[PDB]
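Below sits a lone chain in structure tokens, taken as the form deposited in one PDB entry.
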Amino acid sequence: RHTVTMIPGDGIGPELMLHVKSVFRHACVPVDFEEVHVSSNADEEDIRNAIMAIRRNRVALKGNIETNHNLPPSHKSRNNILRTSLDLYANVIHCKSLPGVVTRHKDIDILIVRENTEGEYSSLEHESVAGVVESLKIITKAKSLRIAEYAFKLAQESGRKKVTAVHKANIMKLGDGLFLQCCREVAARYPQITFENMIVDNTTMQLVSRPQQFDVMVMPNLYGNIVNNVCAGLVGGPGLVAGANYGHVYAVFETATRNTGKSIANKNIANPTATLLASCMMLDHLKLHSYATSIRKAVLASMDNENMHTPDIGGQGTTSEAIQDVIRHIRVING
């Protein structure tokens, strides 16, 4: 039996965490969740306990914390505090077109590896003189090498054939140029893999017109934020795609797009897919592959049936009907 940290978060997090437990109970998953809560308090006591809880368990499942962006810069995104404190440097999402969820684009299969601890999320900011603010984007060789090493290893291990570095180095010559140089240093050790690069501007155009061209994509923090959401939106929105946050020792799992769902919370219409697919991602990490596969095949099987779909993907069903259907498809495996 494994003990895993659970941070319910705000919005749809808690209600979906209940459904993850239902599914686990039903599937006889040998995983116990130690829940830890993160309030809106300006005091960082709650978030420090969450860090420590993760240091202990090394694995967490996580909802999104809402950030009130009207408060002072002292009050930092608890989400961002967690991944930097835990040094979960690699955000990984796999946006693959789902057969049952028809969108404008098909045959999408993108692995996005995003630097997760650095760049413009460094929270370095000052006002030199009244009405003049400087934000310090930080790019280092250590972290760019590290993320490129991951992206190339992932491609090699997944049987992928191309890595694409997304950047803005024609304008950010030193910053994004350094990141891009580290991708090339690593590329020299993976001659089996094709290395290309694309400016973040042009990438978004390519994603909305011909996203079949992309395979593995590797990039700094903010461009990752953009490409993740674009690619998520292409395959049918925020309810479908699971996100992973890997450090050397720790690992936290979440919905790829990282949304609260504040405005749909407590109305039994949130899409449980992304959250469930994340729990399976966590099970694979814990080496519980048989349970991961049972739940994942159940979840994906439900997506083929349009009657089970929730509003966010063109349907009319509730969360609980989708979970009912997921559980039915584990019954046929389970008994």
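Take the two forms, find the largest set of C-alpha atoms that superpose within 1.5 Å, and that set is the rigid core. Counting begins at 1, following the sequence as shown.
What follows is about the form deposited in another entry, which we do not show.
If you fit the rigid core between this form and the one not shown, you'll see the Cα of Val29 move by 2 angstroms or more. Taking 2 Å as the criterion, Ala50 counts as shifted between this form and the one not shown: its C-alpha moves by at least this amount when the rigid core is aligned. When the rigid core is held fixed, the Cα atom of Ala188 travels less than 2 angstroms between this form and the one not shown.
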